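Since the structure comes first, as structure tokens, the remarks are kept for the end.
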Amino acid sequence: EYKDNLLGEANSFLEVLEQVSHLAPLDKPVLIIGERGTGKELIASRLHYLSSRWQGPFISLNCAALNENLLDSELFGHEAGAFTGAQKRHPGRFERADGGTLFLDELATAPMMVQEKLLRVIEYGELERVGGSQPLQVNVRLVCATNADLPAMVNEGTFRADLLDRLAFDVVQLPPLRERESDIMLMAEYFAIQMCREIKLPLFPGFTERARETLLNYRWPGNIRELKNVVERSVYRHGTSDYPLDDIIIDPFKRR
Amino acid sequence: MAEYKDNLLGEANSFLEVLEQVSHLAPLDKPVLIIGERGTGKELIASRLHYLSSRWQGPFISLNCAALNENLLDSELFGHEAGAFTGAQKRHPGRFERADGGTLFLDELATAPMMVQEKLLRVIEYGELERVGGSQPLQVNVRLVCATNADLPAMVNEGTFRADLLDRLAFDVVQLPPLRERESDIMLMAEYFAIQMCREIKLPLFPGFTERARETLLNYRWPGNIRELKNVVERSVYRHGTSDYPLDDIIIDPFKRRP
Amino acid sequence: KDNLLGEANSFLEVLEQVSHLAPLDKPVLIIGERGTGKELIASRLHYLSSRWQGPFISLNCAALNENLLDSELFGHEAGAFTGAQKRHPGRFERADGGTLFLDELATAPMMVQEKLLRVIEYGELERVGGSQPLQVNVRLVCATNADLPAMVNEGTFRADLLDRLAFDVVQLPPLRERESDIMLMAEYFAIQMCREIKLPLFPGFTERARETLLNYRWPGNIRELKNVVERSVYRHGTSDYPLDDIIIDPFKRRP
Amino acid sequence: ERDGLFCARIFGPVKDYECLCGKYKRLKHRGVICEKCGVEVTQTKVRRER
Amino acid sequence: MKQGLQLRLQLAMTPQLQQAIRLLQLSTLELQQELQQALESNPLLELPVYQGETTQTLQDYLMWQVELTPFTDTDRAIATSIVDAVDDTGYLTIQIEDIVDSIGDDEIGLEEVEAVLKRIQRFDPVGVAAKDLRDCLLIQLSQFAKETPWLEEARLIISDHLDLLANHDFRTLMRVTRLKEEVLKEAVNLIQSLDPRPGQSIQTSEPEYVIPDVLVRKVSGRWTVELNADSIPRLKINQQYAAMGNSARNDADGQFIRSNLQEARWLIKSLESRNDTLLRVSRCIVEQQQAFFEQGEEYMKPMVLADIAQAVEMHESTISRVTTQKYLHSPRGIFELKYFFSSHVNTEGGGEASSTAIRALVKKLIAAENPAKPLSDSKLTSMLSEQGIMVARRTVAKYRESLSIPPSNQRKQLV
DNA sequence: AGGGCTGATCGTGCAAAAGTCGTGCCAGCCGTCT
DNA sequence: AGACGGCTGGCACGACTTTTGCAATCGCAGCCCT
Ligand SMILES: Nc1ncnc2c1ncn2[C@@H]1O[C@H](COP(=O)(O)OP(=O)(O)O)[C@@H](O)[C@H]1O
Ligand SMILES: Nc1ncnc2c1ncn2[C@@H]1O[C@H](COP(=O)(O)OP(=O)(O)O)[C@@H](O)[C@H]1O
Ligand SMILES: Nc1ncnc2c1ncn2[C@@H]1O[C@H](COP(=O)(O)OP(=O)(O)O)[C@@H](O)[C@H]1O
Ligand SMILES: [Mg+2]
Ligand SMILES: [Mg+2]
Ligand SMILES: [Mg+2]
């Protein structure tokens, strides 16, 4: 249920959620136009716990950090002892896909070749990178999510027509950081309470309404747990939640 | 020698005649190269030829070029029989070797290795192939299958393809009626996809659609020829999700900001 | 030993030229705007030589892969990695006197040249750590569908690579040049295609088609003639009527 | 046991006139000894008489 | 980066430990046989009657009656030959024709052989020398008075209707023999108590034969497993020859004796270490047994050679040779080590493991289904669904054959 | 006093081929039955 | 009375196991002859 966590009082958070629910039995691709430090992962979770195969695998492997060109070939497979130095393909991602969907983070960097290889997957999905092994398909669904500008990619041609198309089946715009302002107050207090509890801080400092206003002033584009991150900052600013809350920390680089 | 027509749908343009010429080609096993919109009639055409391949013809050896990393792409290319390349063990037969008689399901991916290009040139050389350390040549056989999605002659003038990439390639060309062009089974394949879509939705009754939707459908470019529309169709099905409930609009460009 | 000869004074001239080259086994490379049966050329040469009984079996040079040129020059290694242990010998040695067309030469690589040249100029079978090199005087010849002297201007190859060919590089006429038996040549191409198309027989084409054959740019010289020939065939598939039109630019899209 | 304590071919035949290997298991063989085992097909009393 | 295999990383093997593993995989009975046949040359490698009562053994009991029975020399010879090839069950091992050949008398004929057998057919007991038992139960019933009812129905069935009861085909049996409904079963039951293998009855006595090699006594949970001390082989170093070597004027010959002795000491220590490694492996297995054996074979997880060799440093070949032909007596009793492992499965117990006594008790319940008919594989599948563990009808047929259960439409019997 | 020198050392686990099983599942069948 | 069926097993193919079957070099130095 994602603990129902990350409450978005923006009824658009709900509306997104409703779209999600409609999508929940639905089994086709989806983009989530996410935000910098927003938290598409958590919502994708909230979906997965609700997935039509909610009992299905839920893996988080993004190729954003695909420092290895071969980390790909792996993710596409390996023959048992392909190349060599190895026993078998470490197929965990390929495992989650069958009996699962596809979830990635910041699909921008992909080698275009890697991408269209993913293309030869989505329409059909052979046993891949398998060093000549016969094909095989993973009963794999999909979901997409990023903070990038899709038009910027389209200008970049970053997504091929086959790619941009067959890749995409739904679009989930994360509300802008400041978009869900009532939601901001909401999940903000949500964190406030969650922190005051788990910190075991004997008292909860609460919140200074001035601090609340200053926090609202934070465009805070990053808020994924960047909300939670600045939250921990502010907690330390208080240091201890015994006193009523006023010490709010946003920018921690500052000495003094 | 059977139908296997599958979801080859929406050919009310001369894509029907396109299929006809395809049929005229179908008996001959010589090199196949085509052209058209990616994810759009294209790999469906591939299925089409795979049917044109005798059912008993053999493995529709699919060739997906956007893969292959860099190197031992070479391995499965020329082959790998020796040690130190593919876990050694037996002579690992490449996907190229995997096809013996099979489909050279060449995909026009426009990846960098014209190195590869020359290799495949030798792949299309005398009916032969030779592995890594591959101590002997071996005269090979396979059906040959390419297609296209961009200006091959231009890239030739652009030099981008190996001249011989095309020179060995394409006994003839085979293009596609564009979505800006085909435009004929619009309502037809529209309804076909819609039928599939409701059926999967198990939607109790066909919503129906207003004519404003079809007017937009004529108005729409549909840059992705086959699927982009089809995705749009399923998307209408979803964004509605109602049975017998006549449509009056469709879902394609979610990048369109909400109102 | 036998192929679709160009039947032509330039063609028969290159024929006599290679014939002058016939039992000769000194190194060589090929000149030629394109290839015009580049393989077939070296191939018939292979069928001719004292390497007729020798191994008249080529090897595609610039095919090869990065780390293994050692073995490539000299077959599978006994001591390379643990796995193999048998000093399997040169693909050259797999001929070592036969006819093994050094093709793909143009696309070859830099240090790749650095070795292969020097060895060919001088080097018996010095394999990985071996005892004693054995010179496989293997019938030597390369090719150039491209312009080496141009490459020299570029300087990509060795001037030693320039030395490589011990023979002058014969060239064939451009299609624009050659264009000699293309009537009869196409006729044979068509007899072929009709056999392949299992077609009954060829009544013919337009004499307009004949002139278009004359009025033909013909880059894919040795290919495109028969190529668009049978292409016209299948796009026609019709033998009752002459190939008044032929399959011109498949790259061209009809209206 | 074999070439040892309580051995057939030694001190006499097996439980029945049947030989040790298994051949000649009947009353038919009076002194016949199998090739698989040589033990006279005989009475067991002579286990105390050899 | 650019992956593959690359050179990096020899001598002479000997079968020393290999022959040792040949011993270990070999059973300790013949393993000690070799151990003796080994230690023999290695010189440094170390009332009469009681009760004395004879018995009849049945066939001689038959001979005892034959002696009192009037018989001729040829009659005695035929009867004795008939007695010679006699089975424990009391059925005739050889046919009448083989007996006629064994008599080797042209005067001896099949009729005389049959007459001799019949005069001796029911002397003691009824149904002796059954001769493809069938007329044996017939003679047994004939011995019974005809005053017993349904004797006629049983007799007609036994005459030529053995097949109908063979498949438990009661409907076909009634349709063929025209036997009475719910009454022909009475003739069947009267036939059922007919002393089959009546000669097998005389044989009843046996002595004990199973060797406790290791002993886990469930000592206060997590059994204190221990091997058999006397069964564990051990040599004694020739300390006399150890002192007969150095002082030998051929200090070379005697010191070489010392060296061979040291090498054999290494061999014996290696064998003891093999025992001890098997023992620590047994410690792991006994940790397993404190639940498995304590929960019995029903609640037993299938283990693998990989699984156990992982807990040890022993090689998979090392263990795989080590336990071959090994059995230990436990609180349950003497149990074979080769029995320890089991194949795993796709059951929805959340895991992969083996059927075993689950399959056995499943056969038990399938039989426990209405004694009218055996429970089909669907019954097993439903029983497993109740068990919450996935089992399949092909899998059910497999596990049943493992329990060796009768077929569903072969074990149907009149209740 | 120098050479030869030669057989004197001393090991072992795992792989490669083989087998072999899980698992089920189609064909014939039997029950009987409507 | 004829198709129903549930079963059962052959069939086959992967999945796992699995045994057997290898064969000194680096030194040494002692010897032996010369
Ligand atoms: N609705 C939410 N509930 C809880 N945590 C969230 C939520 N949205 C974002 N986050 C937090 O943001 C941190 C990074 O989140 P996010 O930015 O969603 O991941 P990604 O970087 O993949 O978008 C996560 O560890 C998560 O705790
Ligand atoms: N008749 C149709 N109706 C709806 N969608 C279609 C139809 N034919 C093809 N498509 C869609 O077009 C997409 C791309 O197909 P295709 O162009 O063959 O891929 P490729 O790039 O491999 O050629 C597929 O995902 C498929 O869903
Ligand atoms: N003299 C010839 N006789 C017959 N066929 C020829 C001749 N020259 C070329 N060909 C044809 O040309 C093809 C080889 O093409 P080639 O010129 O080697 O390509 P490239 O120019 O890319 O090397 C062969 O299939 C062969 O049939
Ligand atoms: Mg992120
Ligand atoms: Mg495609
Ligand atoms: Mg070429």
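Numbering, chain C: per Swiss-Prot, residues 5-259 in sequence.
Every residue gets a Cβ built from N, Cα and C, even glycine.
Swiss-Prot lists C:36-43, C:99-108 with the feature ATP binding site. Neighbour density for C:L106 (ATP binding site): within 10 A of its CB lie 26 other CB atoms from the protein chains shown.
For C:15-237, the entry in Swiss-Prot reads domain 'Sigma-54 factor interaction'.
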Exercise for the section: Measure the Cβ-based neighbour count of C:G36 (ATP binding site), defined as the other Cβ atoms within 10 Å of its Cβ. Expected result: 23
Practice task
Could you tell me which three-state DSSP class C:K42 (ATP binding site) falls into?
Solution key: helix
Problem - binding-site residues compared (C:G39, C:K42, C:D100, C:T103) - highest count of Cβ atoms within 10 Å - result: C:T103
Exercise for the section: Report the binding-site residues (C:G39, C:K42, C:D100, C:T103, C:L106) that meet this criterion: Cβ distance to the nearest atom of ligand 3 under 6 Å. Use sequence order and write none if nothing qualifies. Expected result: C:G39, C:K42
Practice task
Give the helix, strand or coil assignment DSSP yields for C:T103 (ATP binding site).
Solution key: strand
